[PDB]
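In what follows, every chain begins at residue 1, and chains take the letters A, B, ... in the order their sequences are listed.
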Number of protein chains: 2
Amino acid sequence: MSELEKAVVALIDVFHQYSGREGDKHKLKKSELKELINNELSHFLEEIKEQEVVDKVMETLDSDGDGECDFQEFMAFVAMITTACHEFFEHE
Amino acid sequence: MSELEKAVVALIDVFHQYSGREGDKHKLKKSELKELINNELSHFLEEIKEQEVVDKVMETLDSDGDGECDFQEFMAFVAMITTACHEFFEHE
Ligand SMILES: *C[C@H]1C(=O)[C@]23[C@H](O)[C@H]1CC[C@H]2[C@@]12CO[C@]3(O)[C@@H](O)[C@@H]1C(C)(C)CC[C@@H]2O
Ligand SMILES: *C[C@H]1C(=O)[C@]23[C@H](O)[C@H]1CC[C@H]2[C@@]12CO[C@]3(O)[C@@H](O)[C@@H]1C(C)(C)CC[C@@H]2O
Ligand SMILES: [Ca+2]
Ligand SMILES: [Ca+2]
Ligand SMILES: [Ca+2]
Ligand SMILES: [Ca+2]
Ligand SMILES: [Ca+2]
Ligand SMILES: [Ca+2]
C-alpha cells in the first residue's frame with residue numbers, strides 16, 4: 001500500500017478502536033472522543049483535562065446534533081487538523 | 001507520533017509532492033491529480049486511462065470552480081474515499 005492508502009486505513013482503524021468501546025460501536029461519545037484526542041493527538045492538540053473542554057469539543061464536532069461524533073463528523077475533525085497543519089507546514 | 005498523527009502528515013506529504021510539480025505549487029491541476037490517483041490510490045481506485053475520466057474527477061472535486069484541486073478539495077476527496085472504505089470494512 002502507498003503512504004496515502006495506509007493513512008486512509010489508519011483513520012478507519014483509530015476510529016474503530018475508540019468508537020467501539022461503549023454504546024454505539026460506530027460513534028464516539030464524549031469519553032471515547034476525549035481518549036482519542038488525549039492518546040492519539042498528543043503532539044497536535046493540548047491534552048484535555050477539563051469537562052468544559054470535552055463538552056465544547058463535542059459541541060463543535062457534533063454537526064448533526066445527536067450528542068456523539070460519527071464517522072463523517074470524525075472525518076471533518078481530521079480535515080480541520082490536517083488543514084491547520086498543511087497551512088503551518090507550507091506557510092499558507 | 002501516533003498512527004493517526006502519522007496519517008495526518010502523510011496526507012500533507014502526498015499533496016505537497018503532487019501539487020508542487022507544476023504551476024500553482026499548492027493546487028493539483030488535472031495532470032497532477034491524475035498521477036496522484038494512479039500512483040498513490042492504485043489499490044482503491046481504478047487506474048485513470050481516459051481524458052474524460054480525468055475531466056469528470058476534477059469536475060467533481062473542484063467545488064470552488066477554479067479548475068484545480070486545492071487542499072480543502074483534496075481533503076474532501078480523502079474523506080469520500082475513507083468514508084467509502086469505513087462503510088465497506090465496518091459493513092455500514
Ligand atoms: C500541524 C500541527 C502543529 O504542529 C501545531 C498544531 O498542533 C498543528 C498546526 C499548528 C501548529 C502550532 C500549534 O501547535 C502545534 O502542535 C505546534 O507545532 C505549532 C506551534 C509550534 C506551537 C506554533 C503555532 C502553531 O499553530
Ligand atoms: C476501501 C476501498 C476498497 O477496498 C474498495 C474501494 O476501493 C474502497 C471501498 C469499497 C471497496 C470495493 C470496491 O473497490 C475496492 O477496492 C474493493 O476492495 C471492494 C470490492 C472488493 C471490489 C467490493 C466492492 C467494494 O465497493
Ligand atoms: Ca461508542
Ligand atoms: Ca453527531
Ligand atoms: Ca451524521
Ligand atoms: Ca500544481
Ligand atoms: Ca478548486
Ligand atoms: Ca478553495
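The distance from the OG atom of A:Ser2 to the CG atom of B:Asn39 is 9.5 Å, given to the nearest 0.5 Å. Here OG1 of A:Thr82 is found 4.0 Å from CE of B:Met75. Values are rounded to the nearest 0.5 Å.
Among the candidates A:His16, A:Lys6, A:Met1, the residue making the largest number of heavy-atom pairs closer than 4.5 Å to chain B is A:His16. Most heavy-atom pairs under 4.5 Å with chain A, from the set B:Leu36, B:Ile81, B:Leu41: that is B:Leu41. Between chain A and the residues B:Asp13, B:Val78, B:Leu11, the most heavy-atom pairs under 4.5 angstrom are made by B:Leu11.
For A:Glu5 (side chain) and B:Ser42 (main-chain N/O), a donor-acceptor pair under 3.5 Å exists by modelled atom type.
Heavy atoms of other residues, nucleotides or ligands lying less than 6.0 angstrom from CD of B:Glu52 number 12 at most. The number of heavy atoms from other shown groups lying within 6.0 Å of CD (B:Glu92) is above 12.
The contact between B:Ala10 and chain A is made entirely by side chain atoms (from C-beta outward), counting heavy-atom distances below 4.5 Å. Interface remark: B:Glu87 contributes no atoms to any contact with chain A (heavy atom separation under 4.5 Å). For chain B, the nearby parts of A:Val8 are the backbone and the side chain; heavy atoms of each come within less than 4.5 Å. Using a 4.5 Å cut-off between heavy atoms, A:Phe44 touches chain B through backbone and side chain atoms alike.
Ring geometry, A:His86 versus B:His26: the interplanar angle exceeds 60°, so the pair is classed perpendicular (tilted spans 30 to 60°).
Between A:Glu3 and B:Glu40, every side-chain heavy-atom pair lies at or beyond the 4.5 Å cut-off.
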*Would you check, one step at a time, whether the test side-chain contact (heavy atoms from CB on, under 4.5 Å) holds for A:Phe15 with B:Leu4?*
CA-CA 9 Å; A:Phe15 183 87; B:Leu4 169 58; over 6 Å; no

